[PDB]
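Trainee: Please find one structure pasted underneath; my questions will follow.
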Amino acid sequence: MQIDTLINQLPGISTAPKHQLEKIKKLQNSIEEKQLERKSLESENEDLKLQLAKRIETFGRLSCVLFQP
Amino acid sequence: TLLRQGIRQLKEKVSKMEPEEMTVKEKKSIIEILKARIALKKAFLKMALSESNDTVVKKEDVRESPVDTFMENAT
């Protein structure tokens, strides 16, 4: 009976690999577009934020100035 | 404290050169016992000393200086 119960939910109930692979094609139509796009944000951020962090270091200079009145 | 008013108040408690003095002044000596233990009220030091405490004050007067400066850096 348990066997039948796992028969009940065979993955890919559509059972159409000819078209489920097409599903994967559309999924790549999403993912392959998203690939470098999502990672481009990394450099797009650091191009500002690294220097902004050094700005944090400059107000680190001034924090050091505040350290010793 | 109590001693402070007690100086100005023991001031004129004295009554002429006559033996009117000690008749009150022995009880005044009892008051002197009392104030002798008022000295015990101030038996230990809090903050250090003038002007070393005042040096702490002027130390704050230097310590106040950054406080009046960093706000200028608000923008």
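Please note: Cβ atoms are built from the backbone with ideal geometry, for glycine as well, and neighbour counts cover all protein chains shown. All of the numbers you see were taken from the coordinates with simple rules; none came from a lab.
Trainee: Could you give every pair whose Cβ atoms fall below 7 Å, whose first residue belongs to the range A:53-69 and is without any contact (Cβ under 8 Å) to a residue 60 or more places away in the chain and within 12 Å of another protein chain (Cβ to nearest Cβ), and whose second residue is among the hydrophobic types (A, V, I, L, M, F, W, C) and surrounded by 11 or more Cβ atoms within 10 Å (Cβ to Cβ), counting only separations of at least 6 or pairs across chains?
Mentor: Taking only residues 6 or more apart or on different chains, the pairs are A:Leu66/B:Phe70.
Trainee: Residues of the range B:22-75 being closer than 28 Å to B:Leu2 by Cα and either within 14 Å of chain A (Cβ to nearest Cβ) or small (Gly, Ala, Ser) (or both), which ones?
Mentor: B:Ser29, B:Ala36, B:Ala39, B:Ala43, B:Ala48, B:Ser50, B:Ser52
Trainee: State yes or no: is A:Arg38 surrounded by 10 or more Cβ atoms within 10 Å (Cβ to Cβ) and without any contact (Cβ under 8 Å) to a residue 40 or more places away in the chain?
Mentor: In short, yes.
Trainee: Something else about it: Need pairs with beta-carbon distance below 8 Å; first residue without any contact (Cβ under 8 Å) to a residue 12 or more places away in the chain and within the range A:1-15, second surrounded by 10 or more Cβ atoms within 10 Å (Cβ to Cβ) and not in a loop (DSSP other than H, G, I, E, B); sequence gap 6+ or separate chains.
Mentor: Note: pairs meeting the criteria are A:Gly12/A:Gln20; A:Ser14/A:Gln20.
Trainee: Could you tell me which of the residues A:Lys26, A:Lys49 is surrounded by fewer than 11 Cβ atoms within 10 Å (Cβ to Cβ), part of a helix (DSSP H, G or I), basic (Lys, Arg) and under 29 Å from the mean Cα position of the chain (by Cα)?
Mentor: A:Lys26
Every residue, every condition in (1) surrounded by 12 or more Cβ atoms within 10 Å (Cβ to Cβ); (2) touching a strand residue (DSSP E or B) at 6+ places or on another chain (Cβ under 9 Å); (3) of a type in the set (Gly, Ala, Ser), yes or no:
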residue	(1), (2), (3)
B:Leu3	yes, no, no
B:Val14	yes, no, no
B:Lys27	no, no, no
B:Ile30	no, no, no
B:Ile33	no, no, no
B:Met47	no, no, no
B:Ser50	no, no, yes
B:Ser65	no, no, yes
B:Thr69	yes, no, no
